[PDB]
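Take a look at this one chain, the form deposited in one PDB entry, written out in structure tokens.
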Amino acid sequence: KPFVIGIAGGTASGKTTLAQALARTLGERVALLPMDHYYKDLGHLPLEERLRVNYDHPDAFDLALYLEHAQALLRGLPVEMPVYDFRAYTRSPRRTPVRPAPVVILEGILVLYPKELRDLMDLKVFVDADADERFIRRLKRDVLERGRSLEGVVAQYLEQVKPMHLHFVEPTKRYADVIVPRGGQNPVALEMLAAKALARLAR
């Protein structure tokens, strides 16, 4: 039975960088499933419709597939993780393999929203950061990595990201066992989480 760590937080809160830093530190001893790659396959829909979809509402996620994969990893089985293309607004036809590990990390904005996911977690983490600081990083990454314009990032943020964060993401912090500030640069928290992950290993 692998040690499961749930790492939630708002978009650009540092949850991704924290989860990846934990993955790099623990190396081969960790299987990481970023829930942001599990958006539903809406490839059959016209581009214009895909551009309007609310990607911050729980309904936008393929929870069934995410849950299925988490369970497979928990049973020592490999999974074919989907790769979401943020520029094209679609799921890639090619999937990357994720091998089983003694430590499983489930990370994303809404990983603490469904009871089915929380029940699988031994440790629940919420990476906290003020909305203004997150918007800043969100704006930069969207423009530099996801082919978005400032105008588009603003429209989407105010009309979807922010409302959904307050309604769905933020409240899940109530389920967190530990809250981690400065997620993209917190050596002490990183080292501590890495040690706790090796707790079940040491038994």
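Counting begins at 1, following the sequence as shown. Think of the rigid core as the biggest set of C-alphas that the two forms share within 1.5 Å after superposition.
Separately, the form deposited in another entry exists; it is not shown, and the next lines address it.
Peer 1: Which residue moves between the shown form and the other one, judged by a Cα shift of 2 Å or more on the rigid core: 85, 116, 130, 80?
Peer 2: Looking at each option in turn, only one qualifies, and it is 85.
Peer 1: So with the core overlaid, does the Cα of residue 140 end up 2 Å or more away between the shown form and the other one?
Peer 2: Yes: residue 140 shifts by at least 2 Å between the shown form and the other one.
Peer 1: Inspect the rigid-core superposition and answer whether the C-alpha of residue 150 shifts by 2 angstroms or more between the shown form and the other one.
Peer 2: Shift of 2 Å or more: yes.
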